[PDB]
Amino acid sequence: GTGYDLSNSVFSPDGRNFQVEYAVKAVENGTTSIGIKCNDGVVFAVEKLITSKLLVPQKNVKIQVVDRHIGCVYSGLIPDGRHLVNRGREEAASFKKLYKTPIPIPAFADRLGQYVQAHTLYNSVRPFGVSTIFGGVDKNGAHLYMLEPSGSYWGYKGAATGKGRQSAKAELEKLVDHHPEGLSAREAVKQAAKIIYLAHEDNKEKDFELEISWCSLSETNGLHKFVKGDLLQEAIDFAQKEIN
Amino acid sequence: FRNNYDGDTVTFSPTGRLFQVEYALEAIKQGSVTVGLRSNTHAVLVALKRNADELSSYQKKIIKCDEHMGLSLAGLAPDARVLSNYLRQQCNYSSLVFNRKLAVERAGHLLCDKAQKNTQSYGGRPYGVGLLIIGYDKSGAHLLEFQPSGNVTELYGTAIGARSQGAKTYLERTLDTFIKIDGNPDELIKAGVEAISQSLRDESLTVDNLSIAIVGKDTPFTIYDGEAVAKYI
Amino acid sequence: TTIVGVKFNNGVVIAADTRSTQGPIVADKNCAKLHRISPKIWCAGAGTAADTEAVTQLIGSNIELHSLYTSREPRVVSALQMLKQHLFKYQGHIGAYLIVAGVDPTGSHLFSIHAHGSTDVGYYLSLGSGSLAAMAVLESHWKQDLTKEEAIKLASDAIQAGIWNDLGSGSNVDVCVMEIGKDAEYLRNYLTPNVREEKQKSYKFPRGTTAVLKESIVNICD
Amino acid sequence: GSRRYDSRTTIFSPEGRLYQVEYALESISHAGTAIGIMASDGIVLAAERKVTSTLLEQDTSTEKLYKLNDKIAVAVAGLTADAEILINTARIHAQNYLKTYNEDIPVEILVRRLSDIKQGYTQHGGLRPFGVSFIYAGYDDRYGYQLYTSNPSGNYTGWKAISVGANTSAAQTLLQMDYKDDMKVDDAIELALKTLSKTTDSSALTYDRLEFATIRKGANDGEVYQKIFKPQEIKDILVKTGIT
Amino acid sequence: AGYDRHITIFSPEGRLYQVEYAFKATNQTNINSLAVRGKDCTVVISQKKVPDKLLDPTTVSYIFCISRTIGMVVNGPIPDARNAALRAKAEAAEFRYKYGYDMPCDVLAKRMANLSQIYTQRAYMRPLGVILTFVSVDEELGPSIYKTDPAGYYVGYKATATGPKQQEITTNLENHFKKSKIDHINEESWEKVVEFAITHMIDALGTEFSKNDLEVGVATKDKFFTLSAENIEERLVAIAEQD
Amino acid sequence: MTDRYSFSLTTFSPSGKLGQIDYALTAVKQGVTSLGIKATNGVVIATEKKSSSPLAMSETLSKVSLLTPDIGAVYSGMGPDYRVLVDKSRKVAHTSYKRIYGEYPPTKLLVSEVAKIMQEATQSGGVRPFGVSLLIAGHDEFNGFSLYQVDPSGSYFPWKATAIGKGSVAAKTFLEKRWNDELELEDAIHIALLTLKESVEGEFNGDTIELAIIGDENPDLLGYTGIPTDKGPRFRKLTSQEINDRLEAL
Amino acid sequence: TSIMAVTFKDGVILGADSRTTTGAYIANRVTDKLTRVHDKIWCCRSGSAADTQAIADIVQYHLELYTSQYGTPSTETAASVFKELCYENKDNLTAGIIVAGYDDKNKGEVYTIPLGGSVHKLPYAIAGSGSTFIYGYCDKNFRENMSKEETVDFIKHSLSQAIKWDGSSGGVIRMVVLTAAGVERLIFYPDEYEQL
Amino acid sequence: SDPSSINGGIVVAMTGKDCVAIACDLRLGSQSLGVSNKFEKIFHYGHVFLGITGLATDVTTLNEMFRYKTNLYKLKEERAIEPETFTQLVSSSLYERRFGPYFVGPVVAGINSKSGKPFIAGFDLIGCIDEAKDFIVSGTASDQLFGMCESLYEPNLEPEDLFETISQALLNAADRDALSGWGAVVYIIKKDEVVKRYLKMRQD
Ligand SMILES: CC(C)C[C@H](NC(=O)[C@H](Cc1ccccc1)NC(=O)c1cnccn1)B(O)O
Ligand SMILES: CC(C)C[C@H](NC(=O)[C@H](Cc1ccccc1)NC(=O)c1cnccn1)B(O)O
């Protein structure tokens with residue numbers, strides 16, 4: 001029969017969970033966001049669609065910090081992302097409380113993973129309507145991750161999600177090939193700005209706003225910080241020039 | 001299609017839509033129009049109040065949350081009572097525990113997170129109301145738009161409710177003028193009443209028909225109704 | 001009470017006296033202080049009698065269920081862990097003081113457990129009010145590499161120290177021998193050096209001595 | 001969510017009947033007939049064992065007749081497992097009463113309680129009812145010998161003679177015809193066996209297909225005796241009544 | 001009527017479709033794995049497929065270190081796999097605390113099969129679309145392989161294989177054991193037993209492997225560990241000096 | 001989260017059937033044949049080890065389980081369902097009986113407990129009935145030797161002999177011809193082996209066949225000596241070798 | 001009880017006496033107060049035998065679970081788990097615990113957890129009833145970056161003095177050596193240490 | 001203060017030749033004040049006899065509890081509970097209240113209906129079983145009873161002799177206890193019959 005796609009924890013005859021697959025659709029419908037891992041850190045960037053002149057610029061911050069050393073960005077249902085980050089923050093506090101050290105990024109990845117997977121186990125809950133790009137610096141270097149509505153996650157050299165994920169993935173793949181020796185923090189920021197400008201064409205009708213954050217061993221000491229003023233404007237220019 | 005996926009908030013449609021949330025959004029559109037706008041010194045709410053009969057009262061649209069914060073509503077009024085009340089408590093908790101006036105931005109995030117919980121769990125329902133939140137905090141004047149989906153946006157100006165698109169285009173046009181209307185409350189309200197009148201159709205905005213609210217630099221959030229709004233008609 | 005435990009080259013032996021007391025009064029001249037947790041894990045108990053019987057049977061039961069669940073012989077360290085965690089939970093209020101011993105698939109074992117939940121490992125141990133009499137003997141005659149027979153002697157002598165010198169202990173000696181390759185042998189009343197001498201007189205009364213007021217047959221059937 | 005799969009066991013039909021009670025009653029109607037007859041000097045319980053085999057150990061068997069008290073017993077028609085759940089609580093209730101008042105529980109009090117437990121499964125908790133009908137046979141010092149009946153609805157009534165299970169209507173008609181108030185136990189025994197013998201859906205009514213019990217004031221005591229008939233005893237009494 | 005295919009209640013045929021569809025999900029990842037027993041070791045081999053160039057190959061794994069002595073390979077989607085991994089770790093740590101010895105491979109297997117059985121009976125829980133192969137050198141049973149499915153079934157194996165191409169490997173291995181007549185691989189070192197497993201993975205699948213196509217787990221007395229890309233290469237070099 | 005299936009999943013249909021119980025019994029019908037036979041001085045339970053791979057070690061999967069030293073079980077239907085029922089049966093024998101009278105429960109009462117656990121799966125919220133039928137055989141001082149069948153509904157009945165699963169109807173018939181009330185235990189083991197050969201397709205040896213008895217006390221199986229009143233379990237699983245010995249006099 | 005842990009050039013050493021007492025009775029004279037909570041993280045136990053064991057068992061459990069998910073825990077993490085238990089249950093515990101561990105990145109580390117459940121990271125630490133008597137000796141004789149042989153001698157002399165004066169201390173001196181090399185068990189009998 | 005010394009009361013049991021005997025006094029007091037001289041402390045479930053000394057309210061409660069449990073037992077087991085088994089049921093029932101115990105000293109007497117073997121046992125208030133081959137004593141005159149029994153007793157007494165013995169043991173122990181006496185009752189239990197006799201004794 002049918003109806004296999006009306007309830008969350010239900011396996012279809014081919015072993016799929018359609019409700020999760022439907023969540024992915026909401027993700028694909030979202031703004032494009034990305035992460036680039038560099039030689040000693042990680043860079044996150046995202047497209048903010050300017051719906052109106054009335055949206056105060058620089059105000060509606062999308063990138064989110066967890067603990068002091070982890071950045072999170074997501075595409076899809078924005079509230080769903082905040083919910084996940086709220087949990088991540090609890091998840092990290094609990095770890096730090098018992099173990100004293102700040103949570104390793106792989107450890108934190110699984111925390112989010114297990115939680116997201118939990119929301120595919122019961123028909124009394126709905127799967128998460130976001131894919132999340134997150135990472136930071138720990139005891140053994142930089143880590144970048146992307147997590148899907150199924151709870152699937154892996155480590156990434158570079159990652160993208162949302163409307164322009166294909167442009168971005170193509171742009172990311174080139175960097176991997178033209179720089180096998182490892183990008184640097186400053187370069188990955190300029191590059192980040194470029195990649196968002198290039199996935200913006202898949203939505204070129206509405207203006208947009210750029211947001212970048214980074215966590216680098218040498219540049220931010222390991223701490224997640226936002227990219228502001230001069231370094232943001234310099235990144236904007238590099239992208240604005242490489243669009244022509 | 002749609003009929004099979006709109007039973008509750010726990011169900012995704014094949015295109016990734018959540019229809020119960022979209023249906024909640026429809027209660028906003030059916031609500032009476034309300035406007036919000038701010039300078040760097042003040043923030044203003046203007047609301048068109050609706051009556052049932054000419055023998056009925058006009059139902060209140062503006063609620064105060066703290067001395068520095070308040071909101072206007074469009075949609076299910078009880079839902080606004082529940083949400084303003086929660087906000088009142090959060091405003092209150094910040095003062096008692098931290099001796100700190102709650103950041104309007106932070107109130108934004110709290111309302112988002114509270115609405116969200118009702119969009120992912122069984123037996124719950126989305127909230128059926130839109131809210132416009134103005135306040136004056138440690139970083140100045142603020143205006144927020146709350147949608148029952150959980151989406152909260154900071155703006156210079158906006159409007160929600162029936163025929164709200166009128167005022168929204170007016171504010172979008174006026175932007176550069178009103179953002180500067182600092183240290184003059186009566187002129188910011190005038191711009192707000194002019195914004196709200198761009199969404200009139202049915203009738204004119206009368207004395208017991210208008211509701212205005214103001215907060216800023218040295219002005220605690222205060223509600224104006226009736227005779228007290230006369231000088232703006 | 002005097003309970004001891006003594007390791008030998010190929011196993012472990014435990015023993016106990018058979019006296020129970022309330023205040024100065026001997027309640028039981030022949031109770032059994034040796035308990036079976038499983039066929040090859042046995043336990044000597046001192047303290048509150050109900051408590052050692054209960055804690056021993058509870059963990060025995062649960063050890064049995066574990067064995068069935070895992071298709072394995074029970075290990076002494078399992079009984080040790082479960083008993084200590086139980087006693088710890090009851091802060092001491094369960095007055096069980098135990099010498100736990102046995103053989104299992106990791107070899108032979110000897111441990112002690114105190115009421116508050118602390119455990120000790122040794123080649124020779126004693127607990128109870130007779131603890132010092134018996135330990136004095138053990139500290140005097142124990143050596144490493146005892147034969148099974150030397151161990152039974154050493155253990156049995158330790159309890160005798162308790163029986164003769166401690167008013168808290170008396171009557172008989174019970175032993176249990178657990179050898180690595182063999183079935184555990186429980187040896188109820190291994191020594192009975194306290195047989196009451198024949199009484200001087202018989203107190204059997206001429207029938208009718210006792211005055212009766214009234215009599216009736218009791219219904220047992222239904 | 002779950003609501004989808006809820007059969008809603010406790011709603012009314014448009015005609016104001018309880019679906020699950022009615023269907024339970026329908027299940028009861030296929031069960032081996034049980035007969036209860038009260039006389040002046042005692043009570044009789046008889047029941048047809050539904051489905052039998054050469055290999056079924058009858059000496060160790062019990063499926064229809066259960067002792068609740070030293071003075072109360074029941075005959076079962078329906079699901080044996082469901083009945084045992086109810087029988088066990090009934091034994092407890094009897095003992096609770098005995099401990100409280102130091103008197104054996106009056107027959108009705110016990111019956112009302114069991115009937116109340118059944119009624120509850122009809123009004124709340126969304127569970128299926130017990131697929132059981134009981135005939136209660138008992139003695140107490142207020143009413144003497146009593147015969148009661150309860151069904152999945154939690155309704156109960158008192159009878160001079162009654163049947164439950166299969167072919168009740170035919171059996172009720174037969175009992176109505178031959179029953180007389182001045183009956184003795186021995187006459188009641190004969191009536192019960194005639195009635196079952198005339199309503200079996202089997203070829204013939206043999207001992208191995210019956211359970212039999214009597215509650216007698218056995219006059220030589222001046223106290224009441226529950227006799228659960230052993231297989232040989234049924235074979236004897238089946239000959240006396242003239243069925244062989 | 002038609003809901004007998006959505007939650008785990010019986011169909012008129014006495015079947016549980018949701019369990020059957022969970023078995024289907026196990027193959028979603030298109031990865032094959034096999035396990036063999038040595039004289040005093042146990043080896044698991046599993047294919048490693050990294051399609052996307054953007055991935056960090058070092059984070060792509062279906063092998064888990066459950067405890068100091070137990071390893072587990074999973075055939076099925078990663079999020080369910082990790083769910084099962086987390087549980088097994090927790091269950092293994094707790095067993096050691098409560099009972100004072102290391103949880104045996106087979107006992108953990110039984111425990112996970114029991115949890116899986118529960119999802120088979122209770123409506124509110126879905127089965128996990130995974131198959132779990134547990135391996136160790138048990139201090140009592142020696143080299144050990146125990147495997148559990150979404151039906152809550154589990155058993156011990158001389159050797160086993162799991163995935164879309166399960167049968168190819170199975171028959172291959174079945175043939176060896178008819179030939180060798182014994183119930184393990186006669187080899188003293190884990191290095192040669194790893195080699196045997198890779199060799200028979202190559203014959204049965206008819207495919208050659210580079211150092212980045214495989215993933216190996218080895219269980220010895222008191223450790224279970226996984227081989228590095230370079231440890232694999234060393235194994236791949238050694239087999240080539242013979243073919 | 002939270003089990004919100006607080007309603008029955010087994011309900012009555014208009015004809016009065018309990019659907020899930022029927023469907024469970026259907027699952028039992030597909031299961032490998034098992035059987036029990038009661039002799040004068042013992043009981044035998046037997047079944048076929050239907051291995052799922054020649055790579056599997058069939059000893060690591062016992063179908064005949066010990067419940068108490070004098071009680072054993074076997075089943076037909078869903079293996080995992082059986083396994084958890086064994087865990088529960090073993091536990092309830094302790095919690096509801098041993099921990100209260102210091103002895104193991106008589107067969108009928110332990111059966112009665114198992115049956116209750118199965119009845120509950122028929123009525124409670126959010127569960128399905130167990131997809132198994134059990135045969136429980138045991139001994140106790142006051143009731144002697146006794147065989148019981150327990151069905152998914154929770155009903156149980158005492159048997160002289162019976163079979164469940166795949167070839168039950170044929171096997172039940174074969175037992176009706178061969179059974180008498182004077183059977184010695186060895187005779188019953190013989191009948192059991194004959195009856196099971198009709199059900200087994202492939203190889204029929206001590207590796208394929210799983211057979212257990214409830215007979216005399218086994219002091220050699222006790223593990224300790226010194227308590228006269230502990231005279232050893234009456235439950236004994238026969239070895240591969242013990243089976244093959246009786247298959248030559250077949 | 002006399003217990004100590006000392007960081008040196010190559011790692012860290014743990015030392016203890018072997019006496020447990022009930023009043024003036026020696027309930028155990030060969031006690032092992034040096035307890036392993038991970039391959040290269042150990043602790044010294046003082047106070048209640050029951051309390052410290054129950055605490056140590058809980059910690060070992062946590063660290064085993066930590067290792068399964070995250071990999072070798074730092075000595076600092078081990079100390080944190082100990083602390084959390086000792087602090088949160090300060091009203092029902094009598095546990096004086098020294099945590100010492102070897103790590104490749106921090107060499108040897110020592111954390112002391114006294115009664116209230118506070119944590120203190122030190123080059124070396126002494127505790128137990130017997131420790132009072134060697135505060136002077138240890139303060140005067142400890143140097144950083146000593147050799148293994150030097151460190152064995154420092155602990156040996158220190159504990160023998162503590163054993164000498166404290167009735168609650170005695171038996172054998174046990175040590176555990178924690179370095180990159182490995183874990184080494186040392187034992188010193190009365191006939192050797194008494195005459196130092 | 002001491003719940004075991006408020007109401008007062010003694011129970012004693014002995015084994016003989018193919019028989020057992022159990023006896024109690026009849027007093028129920030409230031400190032110095034005698035309240036009732038008809039307070040029997042022996043009860044029986046089928047052929048199993050139980051005497052309880054101690055706090056009267058707990059004596060009554062425990063009787064009602066064992067009646068309840070033995071009734072249920074008999075319904076399920078379809079046989080009368082045996083002395084060995086009942087002893088276990090008493091023990092586990094008392095230990096169940098370990099930290100809020102019943103203030104009682106129970107005593108079990110009976111002959112196993114299957115084996116003919118005479119059986120007695122005694123318990124502490126928290127369920128510890130003392131299973132003597134010779135005699136069990138309980139109550140506020142237990143010291144006196146131990147003295148009487150340890151001298152008067154000899155093995156394998158005939159029912160008529162055992163009667164004389166146990167009666168003297170009780171009577172003379174009671175007369176040295178302010179809180180025991182006021183009448184006395186003795187049960188002589190044989191396989192087949194049980195005889196019950198009220199003794200004549202001092203009423204002070
Ligand atoms: C453990 C038992 C079997 C052995 C000895 N214990 C006893 O005799 C203890 C001594 C004691 C302990 C705590 C409180 C009051 C009395 N006596 C009893 O347990 C006891 C049991 N039943 C009746 C009367 N006394 B012992 O360890 O000296
Ligand atoms: C850590 C333990 C094993 C060692 C010593 N503790 C004991 O001997 C303690 C008493 C004590 C003495 C002096 C100072 C503090 C506490 N004794 C026990 O814990 C004890 C004694 N007997 C049986 C069970 N536990 B100690 O720290 O002096």
# chains A, B, ... in the order shown; residues from 1 in each chain; ligands from 1

$ residues_around --residues "residue 172 (chain D)" --least-positions-apart "5" --cutoff "9 Å" --atoms "only C-alpha atoms" --output "list in words"
residues 161, 162, 163, 167, 177 and 195 of chain D

$ residues_around --residues "region 116-130 of chain H" --least-positions-apart "6" --cutoff "8 Å" --atoms "only C-alpha atoms" --output "JSON list (two decimals) with N, CA, C and O atoms, in the first residue's frame"
[["chain", "number", "residue", "atom", "x", "y", "z"],
["C", 28, "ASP", "N", 21.64, -19.83, 69.74],
["C", 28, "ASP", "CA", 21.80, -21.01, 68.88],
["C", 28, "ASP", "C", 23.17, -21.63, 69.09],
["C", 28, "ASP", "O", 24.21, -20.97, 68.94],
["C", 31, "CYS", "N", 24.11, -22.86, 64.68],
["C", 31, "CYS", "CA", 23.68, -22.23, 63.44],
["C", 31, "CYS", "C", 24.77, -22.39, 62.38],
["C", 31, "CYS", "O", 25.90, -22.75, 62.71],
["C", 49, "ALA", "N", 22.65, -11.69, 62.07],
["C", 49, "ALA", "CA", 22.37, -12.98, 61.42],
["C", 49, "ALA", "C", 21.39, -12.89, 60.26],
["C", 49, "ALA", "O", 21.67, -13.39, 59.17],
["C", 50, "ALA", "N", 20.24, -12.25, 60.49],
["C", 50, "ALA", "CA", 19.29, -12.04, 59.41],
["C", 50, "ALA", "C", 19.97, -11.35, 58.23],
["C", 50, "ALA", "O", 19.78, -11.74, 57.09],
["C", 53, "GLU", "N", 22.35, -13.60, 56.11],
["C", 53, "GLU", "CA", 21.52, -14.56, 55.39],
["C", 53, "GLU", "C", 20.85, -13.88, 54.20],
["C", 53, "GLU", "O", 20.87, -14.40, 53.09],
["H", 13, "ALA", "N", 8.48, -24.33, 72.28],
["H", 13, "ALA", "CA", 8.21, -25.49, 71.45],
["H", 13, "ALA", "C", 9.26, -26.56, 71.65],
["H", 13, "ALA", "O", 10.43, -26.24, 71.86],
["H", 14, "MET", "N", 8.84, -27.82, 71.58],
["H", 14, "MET", "CA", 9.74, -28.96, 71.75],
["H", 14, "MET", "C", 9.43, -30.08, 70.75],
["H", 14, "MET", "O", 8.27, -30.25, 70.35],
["H", 15, "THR", "N", 10.45, -30.84, 70.37],
["H", 15, "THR", "CA", 10.26, -32.05, 69.59],
["H", 15, "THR", "C", 10.31, -33.31, 70.47],
["H", 15, "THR", "O", 11.06, -33.37, 71.45],
["H", 16, "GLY", "N", 9.51, -34.30, 70.10],
["H", 16, "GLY", "CA", 9.52, -35.60, 70.77],
["H", 16, "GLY", "C", 9.61, -36.75, 69.79],
["H", 16, "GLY", "O", 10.16, -36.60, 68.69],
["H", 18, "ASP", "N", 8.08, -38.82, 67.16],
["H", 18, "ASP", "CA", 7.01, -38.71, 66.16],
["H", 18, "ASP", "C", 5.92, -37.72, 66.58],
["H", 18, "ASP", "O", 4.74, -37.91, 66.26],
["H", 19, "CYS", "N", 6.32, -36.67, 67.30],
["H", 19, "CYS", "CA", 5.41, -35.62, 67.77],
["H", 19, "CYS", "C", 6.14, -34.30, 67.98],
["H", 19, "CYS", "O", 7.37, -34.27, 68.04],
["H", 20, "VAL", "N", 5.37, -33.21, 68.06],
["H", 20, "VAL", "CA", 5.88, -31.90, 68.54],
["H", 20, "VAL", "C", 4.89, -31.28, 69.52],
["H", 20, "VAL", "O", 3.71, -31.62, 69.50],
["H", 83, "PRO", "N", 5.67, -27.05, 57.16],
["H", 83, "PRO", "CA", 6.41, -26.32, 58.20],
["H", 83, "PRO", "C", 7.70, -25.69, 57.69],
["H", 83, "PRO", "O", 7.98, -24.53, 58.01],
["H", 84, "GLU", "N", 8.47, -26.44, 56.90],
["H", 84, "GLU", "CA", 9.71, -25.97, 56.28],
["H", 84, "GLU", "C", 9.47, -24.72, 55.43],
["H", 84, "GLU", "O", 10.18, -23.71, 55.55],
["H", 87, "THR", "N", 8.16, -21.58, 57.42],
["H", 87, "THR", "CA", 9.29, -20.99, 58.11],
["H", 87, "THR", "C", 9.99, -19.99, 57.20],
["H", 87, "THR", "O", 10.36, -18.89, 57.65],
["H", 90, "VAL", "N", 7.76, -16.93, 56.75],
["H", 90, "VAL", "CA", 7.82, -16.06, 57.92],
["H", 90, "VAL", "C", 9.06, -15.17, 57.84],
["H", 90, "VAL", "O", 8.96, -13.94, 57.90],
["H", 91, "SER", "N", 10.22, -15.82, 57.67],
["H", 91, "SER", "CA", 11.51, -15.16, 57.54],
["H", 91, "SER", "C", 11.51, -14.04, 56.50],
["H", 91, "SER", "O", 11.83, -12.90, 56.82],
["H", 92, "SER", "N", 11.15, -14.36, 55.26],
["H", 92, "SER", "CA", 11.16, -13.35, 54.21],
["H", 92, "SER", "C", 10.14, -12.24, 54.48],
["H", 92, "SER", "O", 10.37, -11.10, 54.12],
["H", 93, "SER", "N", 9.02, -12.59, 55.14],
["H", 93, "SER", "CA", 8.01, -11.60, 55.52],
["H", 93, "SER", "C", 8.48, -10.65, 56.61],
["H", 93, "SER", "O", 8.18, -9.45, 56.57],
["H", 94, "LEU", "N", 9.23, -11.17, 57.58],
["H", 94, "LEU", "CA", 9.81, -10.33, 58.63],
["H", 94, "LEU", "C", 10.95, -9.46, 58.09],
["H", 94, "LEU", "O", 10.98, -8.26, 58.37],
["H", 95, "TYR", "N", 11.86, -10.05, 57.31],
["H", 95, "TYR", "CA", 12.99, -9.29, 56.78],
["H", 95, "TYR", "C", 12.54, -8.18, 55.84],
["H", 95, "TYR", "O", 13.24, -7.18, 55.66],
["H", 97, "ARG", "N", 10.49, -6.07, 56.43],
["H", 97, "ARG", "CA", 10.30, -4.89, 57.25],
["H", 97, "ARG", "C", 11.55, -4.60, 58.07],
["H", 97, "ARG", "O", 11.47, -4.07, 59.17],
["H", 98, "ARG", "N", 12.71, -4.93, 57.50],
["H", 98, "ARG", "CA", 14.00, -4.82, 58.15],
["H", 98, "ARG", "C", 14.21, -3.57, 59.03],
["H", 98, "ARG", "O", 14.65, -3.69, 60.17],
["H", 101, "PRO", "N", 10.66, -2.98, 61.82],
["H", 101, "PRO", "CA", 10.23, -4.36, 62.04],
["H", 101, "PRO", "C", 9.00, -4.52, 62.93],
["H", 101, "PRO", "O", 8.63, -3.60, 63.66],
["H", 102, "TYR", "N", 8.38, -5.69, 62.83],
["H", 102, "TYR", "CA", 7.35, -6.12, 63.76],
["H", 102, "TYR", "C", 8.05, -6.55, 65.04],
["H", 102, "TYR", "O", 9.05, -7.27, 64.97],
["H", 103, "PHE", "N", 7.54, -6.11, 66.19],
["H", 103, "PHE", "CA", 8.17, -6.40, 67.47],
["H", 103, "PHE", "C", 7.65, -7.70, 68.08],
["H", 103, "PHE", "O", 6.88, -7.69, 69.04],
["H", 104, "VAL", "N", 8.11, -8.81, 67.50],
["H", 104, "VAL", "CA", 7.57, -10.14, 67.77],
["H", 104, "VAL", "C", 8.68, -11.19, 67.87],
["H", 104, "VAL", "O", 9.78, -11.00, 67.37],
["H", 105, "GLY", "N", 8.37, -12.30, 68.51],
["H", 105, "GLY", "CA", 9.26, -13.45, 68.52],
["H", 105, "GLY", "C", 8.47, -14.68, 68.08],
["H", 105, "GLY", "O", 7.88, -15.36, 68.91],
["H", 106, "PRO", "N", 8.44, -14.95, 66.76],
["H", 106, "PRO", "CA", 7.65, -16.06, 66.23],
["H", 106, "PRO", "C", 8.27, -17.43, 66.49],
["H", 106, "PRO", "O", 9.47, -17.54, 66.68],
["H", 107, "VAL", "N", 7.42, -18.46, 66.49],
["H", 107, "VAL", "CA", 7.83, -19.84, 66.74],
["H", 107, "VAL", "C", 6.97, -20.77, 65.89],
["H", 107, "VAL", "O", 5.75, -20.72, 65.97],
["H", 108, "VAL", "N", 7.61, -21.62, 65.09],
["H", 108, "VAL", "CA", 6.90, -22.53, 64.20],
["H", 108, "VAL", "C", 7.02, -23.97, 64.68],
["H", 108, "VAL", "O", 8.11, -24.43, 64.99],
["H", 109, "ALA", "N", 5.90, -24.67, 64.73],
["H", 109, "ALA", "CA", 5.88, -26.08, 65.10],
["H", 109, "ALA", "C", 4.98, -26.86, 64.16],
["H", 109, "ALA", "O", 3.93, -26.36, 63.73],
["H", 110, "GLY", "N", 5.37, -28.08, 63.85],
["H", 110, "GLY", "CA", 4.56, -28.94, 62.99],
["H", 110, "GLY", "C", 5.28, -30.19, 62.56],
["H", 110, "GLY", "O", 6.49, -30.33, 62.75],
["H", 136, "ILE", "N", 12.62, -24.56, 71.14],
["H", 136, "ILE", "CA", 12.71, -23.14, 70.88],
["H", 136, "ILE", "C", 11.96, -22.41, 71.98],
["H", 136, "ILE", "O", 10.93, -22.87, 72.45],
["H", 137, "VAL", "N", 12.51, -21.27, 72.40],
["H", 137, "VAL", "CA", 11.90, -20.45, 73.44],
["H", 137, "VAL", "C", 11.79, -18.99, 72.97],
["H", 137, "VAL", "O", 12.57, -18.53, 72.13],
["H", 138, "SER", "N", 10.81, -18.28, 73.51],
["H", 138, "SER", "CA", 10.52, -16.93, 73.08],
["H", 138, "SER", "C", 9.71, -16.20, 74.14],
["H", 138, "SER", "O", 8.84, -16.80, 74.79],
["H", 191, "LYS", "N", 1.34, -36.88, 63.11],
["H", 191, "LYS", "CA", 0.64, -36.98, 61.84],
["H", 191, "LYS", "C", -0.87, -36.78, 61.99],
["H", 191, "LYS", "O", -1.47, -35.96, 61.28]]

$ atom_distance --atom1 "CA of residue 234 (chain A)" --atom2 "CA of residue 156 (chain B)"
27.3 Å

$ residues_near_ligand --ligand "ligand 1" --cutoff "10 Å" --atoms "only C-alpha atoms and all ligand atoms" --output "ChimeraX atom specification"
/C:1-3,16-28,30-34,44-53,94-98,127-131,166-170 /H:105,122-130,138

$ closest_atom_pairs --of "chain A" --to "chain F" --cutoff "8 Å" --atoms "only C-alpha atoms" --output "Markdown table"
| residue | atom | partner | partner_atom | distance |
| --- | --- | --- | --- | --- |
| A:122 | CA | F:1 | CA | 6.4 |
| A:124 | CA | F:1 | CA | 6.3 |
| A:125 | CA | F:1 | CA | 6.8 |

$ decode --residues "region 99-103 of chain B" --atoms "C-alpha atoms" --output "CSV table (one decimal), in the first residue's frame"
chain,number,residue,atom,x,y,z
B,99,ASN,CA,19.6,43.6,38.1
B,100,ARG,CA,19.6,44.0,34.3
B,101,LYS,CA,17.0,45.2,31.8
B,102,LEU,CA,16.6,42.5,29.3
B,103,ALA,CA,18.0,43.2,25.8
